[PDB]
Protein chains: 2
Amino acid sequence: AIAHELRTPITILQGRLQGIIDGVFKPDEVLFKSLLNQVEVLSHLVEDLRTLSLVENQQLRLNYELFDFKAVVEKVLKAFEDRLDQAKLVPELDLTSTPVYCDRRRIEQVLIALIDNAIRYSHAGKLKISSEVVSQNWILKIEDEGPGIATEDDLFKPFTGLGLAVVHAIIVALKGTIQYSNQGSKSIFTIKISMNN
Amino acid sequence: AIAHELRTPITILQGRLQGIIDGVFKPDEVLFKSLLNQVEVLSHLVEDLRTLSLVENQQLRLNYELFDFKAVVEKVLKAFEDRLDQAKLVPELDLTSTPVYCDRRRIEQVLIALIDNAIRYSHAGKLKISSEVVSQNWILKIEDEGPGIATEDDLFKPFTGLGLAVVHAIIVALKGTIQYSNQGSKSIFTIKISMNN
């Protein structure tokens with residue numbers, strides 16, 4: 001356990017730094033940008049690891065409230081607008097107007113991670129975001145036109161990596177489940193969260 | 001749990017990198033050296049975390065063998081010779097000549113961590129390293145002339161940090177215990193490892 005898949009961005013950082021010292025790389029603005037981006041990758045990894053370790057010990061503080069999911073969707077889609085266009089992912093919204101009772105920032109986290117994975121893996125095309133409320137059950141579907149995964153699960157297994165593991169951990173912390181479907185033409189993530197206690 | 005005490009060397013790295021981008025730091029050799037050293041600190045932290053997580057799940061592979069402890073002491077003291085002299089720590093050896101049956105690299109790890117903590121915390125003076133074998137029990141004492149710690153333990157608690165936590169975890173993995181004593185004038189770590197099964 002678990003873990004040391006993050007021991008590689010360090011090493012490739014080390015050598016990179018050493019590459020500037022041994023005299024093979026000239027320190028320009030792009031070099032500093034790349035170093036900063038690698039450190040950001042490590043920060044993403046340690047944050048996701050912190051979240052996982054919080055969930056595994058039932059110490060993840062939850063704050064329930066009644067909120068409008070469409071606003072969170074708008075926020076997360078504007079935070080990814082340029083990257084969405086660079087991947088040619090056009091969001092498609094089928095969001096209900098009735099609010100939901102859940103944790104705002106945790107749902108925002110899972111949405112950020114899911115659309116990040118979509119931008120990084122899905123094919124260029126429509127991005128379906130649907131949210132329905134079916135008798136004290138809130139279903140949220142993320143569908144793409146891109147490819148999928150088929151293995152006897154290993155999807156929510158760990159390793160911006162292991163984001164699906166954090167999604168699954170948060171969904172477990174909430175009163176909900178998550179399922180994945182790969183119909184060849186469509187790849188769909190479904191999150192079912194019970195509202196009634 | 002646990003953990004994110006390593007989320008700070010990242011941030012101070014980030015800003016540091018950003019400091020070169022915003023135009024407040026000139027990228028010289030000392031700057032690259034400092035960046036490389038910060039990345040090395042993060043590497044040390046992730047390695048110690050990997051070791052702790054291996055121990056906490058009883059997945060830490062052990063390789064027992066009969067070895068001479070004085071050779072390992074010589075190796076680790078030569079690996080720290082310049083830093084030992086820079087801290088004015090003169091090693092004092094009271095090592096027995098009879099070999100011991102244990103894990104070579106794990107004992108080397110705990111010795112590295114302990115003398116690292118000594119160089120970083122102990123006062124300038126004698127560094128007593130003693131090793132006796134008392135009827136199927138191997139006792140290893142590290143004594144300094146520096147200060148100590150007094151709190152109702154929190155010594156082997158985590159956070160080059162949390163090295164004492166790794167020392168304690170390895171000692172637990174081995175068939176041994178570890179105790180700490182602070183007599184004001186002397187600070188002593190004692191490791192008692194049973195040889196007979």
# chains A, B, ... in the order shown; residues from 1 in each chain; ligands from 1

call {"tool": "residues_around", "arguments": {"residues": "residue 153 of chain B", "least_positions_apart": "5", "cutoff": "12 Å", "atoms": "only C-alpha atoms", "output": "list in words"}}
result
residues 158, 164, 165, 179, 180, 181 and 182 of chain B

call {"tool": "interface_residues", "arguments": {"of": "chain A", "to": "chain B", "cutoff": "12 Å", "atoms": "only C-alpha atoms", "output": "ChimeraX atom specification"}}
result
/A:1-23,25-60

call {"tool": "closest_atom_pairs", "arguments": {"of": "segment 12-92 of chain A", "to": "segment 102-111 of chain A", "cutoff": "6 Å", "atoms": "only C-alpha atoms", "output": "CSV"}}
result
residue,atom,partner,partner_atom,distance
A:63,CA,A:103,CA,5.4
A:64,CA,A:103,CA,4.6
A:65,CA,A:102,CA,5.6

call {"tool": "write_last_selection", "arguments": {"atoms": "C-alpha atoms", "output": "PDB file, in the first residue's frame"}}
result
ATOM      1  CA  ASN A  63     -22.083  19.605   5.167  1.00  0.00           C
ATOM      2  CA  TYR A  64     -25.561  18.902   3.816  1.00  0.00           C
ATOM      3  CA  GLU A  65     -27.669  21.689   2.325  1.00  0.00           C
TER       4      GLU A  65
END

call {"tool": "select_by_dssp", "arguments": {"residues": "segment 76-122 of chain B", "states": "alpha helix (DSSP H)", "output": "list in words"}}
result
residues 76, 77, 78, 79, 81, 82, 83, 84, 85, 86, 104, 105, 106, 107, 108, 109, 110, 111, 112, 113, 114, 115, 116, 117, 118, 119, 120 and 121 of chain B

call {"tool": "closest_residue", "arguments": {"among": "B:176, B:146, B:184, B:161", "to": "residue 118 of chain B", "atoms": "only C-alpha atoms"}}
result
B:146

call {"tool": "closest_residue", "arguments": {"among": "A:125, A:139, A:80, A:117", "to": "residue 95 of chain A", "atoms": "only C-alpha atoms"}}
result
A:139

call {"tool": "closest_residue", "arguments": {"among": "B:124, B:114, B:77, B:129", "to": "residue 96 of chain B", "atoms": "only C-alpha atoms"}}
result
B:129

call {"tool": "atom_distance", "arguments": {"atom1": "atom CA of residue 156 of chain A", "atom2": "atom CA of residue 177 of chain A"}}
result
12.3 Å

call {"tool": "select_by_dssp", "arguments": {"residues": "segment 47-143 of chain B", "states": "strand (DSSP E)", "output": "VMD selection string"}}
result
chain B and resid 64 to 67 89 to 95 100 to 103 125 to 133 137 to 143

call {"tool": "closest_residue", "arguments": {"among": "A:135, A:174, A:189, A:183", "to": "residue 61 of chain A", "atoms": "only C-alpha atoms"}}
result
A:174
